Enquirer: 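First the structure, then my questions, so here it is.
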2 protein chains.
Amino acid sequence: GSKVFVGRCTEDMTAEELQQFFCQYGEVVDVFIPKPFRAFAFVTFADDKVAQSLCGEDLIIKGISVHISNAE
Amino acid sequence: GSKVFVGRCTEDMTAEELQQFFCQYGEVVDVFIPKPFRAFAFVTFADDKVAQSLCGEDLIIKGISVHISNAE
DNA sequence: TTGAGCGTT
DNA sequence: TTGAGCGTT
């Protein structure tokens with residue numbers, strides 16, 4: 001389980017931006033942003049341990065609090 | 001401003017544990033835990049950028065959500 | 001605040 | 001859910 005769900009994304013948050021933000025924690029291998037805009041994203045890590053360490057956290061991306069959960 | 005306040009600490013959270021947890025983000029140079037127990041701590045980073053990136057986040061340490069704020 | 005497309009045990 | 005101690009512009 002190396003994919004996380006990222007809730008409360010804003011529309012200006014691009015895949016590049018999310019990847020740049022999330023790769024601070026470990027290698028990111030994919031980002032999925034729904035189209036049309038649905039205010040969430042999925043971020044996939046190479047390492048399971050990295051994804052699990054983020055679950056349950058609320059992180060600040062460009063001043064916005066996003067919630068991290070397991071991807072199902 | 002390279003020091004953060006860590007709110008909602010639990011008593012079992014030792015200085016070593018907090019340092020181990022927080023050094024994932026960057027070099028940690030000090031940890032202060034009040035005695036007697038007051039359910040918060042201060043963590044000092046070598047790098048200001050690291051402290052600022054954490055402010056406003058809620059992080060999970062041993063299953064517990066702690067809130068990160070600027071140290072004043 | 002839980003996604004696709006290909007193409008079928 | 002905002003700390004010490006040393007020792008004084």
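Chain identifiers are assigned alphabetically (A, B, ...) following the order of the sequence lines, protein sequences preceding nucleic acid strands; residue numbering begins at 1 within each chain. Note: hydrogens, waters and symmetry copies are ignored here, and every other heavy atom, side chains too, is used.
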Enquirer: Select one nucleotide: of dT1(D), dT2(D), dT1(C), the one nearest the side-chain heavy atoms of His67(A).
Expert: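 From the listed options, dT1(C) comes nearest.
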Enquirer: Over how many whole Å does the gap from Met13(B) atom CE to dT1(D) atom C1' extend?
Expert: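 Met13(B) atom CE is separated from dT1(D) atom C1' by 13 Å.
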Enquirer: I need the CZ-P distance between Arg8(A) and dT2(C), as an integer number of Å.
Expert: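 Taking CZ of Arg8(A) and P of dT2(C), I get 12 Å after rounding.
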Enquirer: Roughly how many Å is it from CD1 in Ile68(A) to P in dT2(C), rounded to a whole number?
Expert: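 From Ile68(A) CD1 to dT2(C) P: 14 Å.
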Enquirer: Using atom CD of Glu72(B) as one end and atom P of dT1(D) as the other, report the distance to the nearest whole Å.
Expert: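 Rounded to the whole Å, the gap is 12 Å.
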Enquirer: If I pick the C1' atom on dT1(C) and the same atom on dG5(C), what distance separates them, to the nearest angstrom?
Expert: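 Their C1' atoms lie roughly 24 Å apart.
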Enquirer: Between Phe45(B) and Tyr25(B), is the gap from one ring center to the other below 6.0 Å?
Expert: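 Ring centres of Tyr25(B) and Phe45(B) not closer than 6.0 Å.
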Enquirer: Would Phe40(B) pass as stacked on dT1(D), i.e. its ring centre under 5.5 Å from the base's six-membered ring centre and planes under 30° apart?
Expert: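 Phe40(B) vs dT1(D): stacking no.
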Enquirer: Determine, for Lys62(A) against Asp12(A), whether the closest basic-nitrogen to carboxylate-oxygen distance falls under 4.0 angstrom.
Expert: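 The answer is yes: the pair qualifies as a salt bridge.
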Enquirer: Roughly how many Å is it from CD in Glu11(A) to P in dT1(C), rounded to a whole number?
Expert: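 Rounded to the whole Å, the gap is 15 Å.
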Enquirer: Using the P atom in both, what is the distance from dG7(D) to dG3(D), to the nearest Å?
Expert: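 Here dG7(D) and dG3(D) have their P atoms 22 Å from each other.
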Enquirer: Quickly work out the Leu18(A) CG to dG3(C) P distance and round it to whole Å.
Expert: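 From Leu18(A) CG to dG3(C) P: 17 Å.
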Enquirer: Can you tell me how far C1' in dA4(D) sits from the matching atom in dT8(D), rounded to whole Å?
Expert: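 Between the two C1' atoms, the distance is 16 Å.
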Enquirer: Donor-acceptor pair under 3.5 Å: do we get one between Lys3(B)'s side chain and the base of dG3(D)?
Expert: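 For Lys3(B), whose side chain was compared with the base of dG3(D), there is a donor-acceptor pair (under 3.5 Å).
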Enquirer: Between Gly7(B) and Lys35(B), name the one whose nearest nucleotide on DNA chain D is closer to the 5' end.
Expert: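 Going by which nucleotide is closer to the 5' end, it is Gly7(B).
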Enquirer: Between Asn70(A) and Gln52(A), do the side chains contain an N or O donor and an N or O acceptor separated by less than 3.5 Å?
Expert: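 There is such a pair (donor and acceptor under 3.5 Å, judged by atom type) between the side chains of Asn70(A) and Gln52(A).
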Enquirer: Got a salt bridge between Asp58(B) and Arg8(B), using NZ or NE/NH1/NH2 to carboxylate O under 4.0 Å?
Expert: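 Salt bridge flag = yes for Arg8(B) with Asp58(B).
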Enquirer: Round to the nearest Å and state the distance from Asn70(A) atom CG to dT1(C) atom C1'.
Expert: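 Spelled out: CG on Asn70(A) to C1' on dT1(C) is 14 Å.
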Enquirer: Atom CG of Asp30(A) and atom P of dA4(C): how far apart are they, to the nearest Å?
Expert: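 From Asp30(A) CG to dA4(C) P: 13 Å.
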Enquirer: Looking only at side-chain atoms of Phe5(B), point me to the closest of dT1(D), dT1(C), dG3(C).
Expert: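 Side chain of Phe5(B) sits closest to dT1(D).
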Enquirer: Is any side-chain N or O of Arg38(A) closer than 4.0 Å to OP1 or OP2 of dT1(C)?
Expert: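 Negative; the distance criterion is not met.
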Enquirer: Would you say that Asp30(B) contacts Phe42(B) through its side chain, given a criterion of any heavy-atom pair below 4.5 Å between the two side chains?
Expert: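 No, their side chains stay 4.5 Å or more apart.
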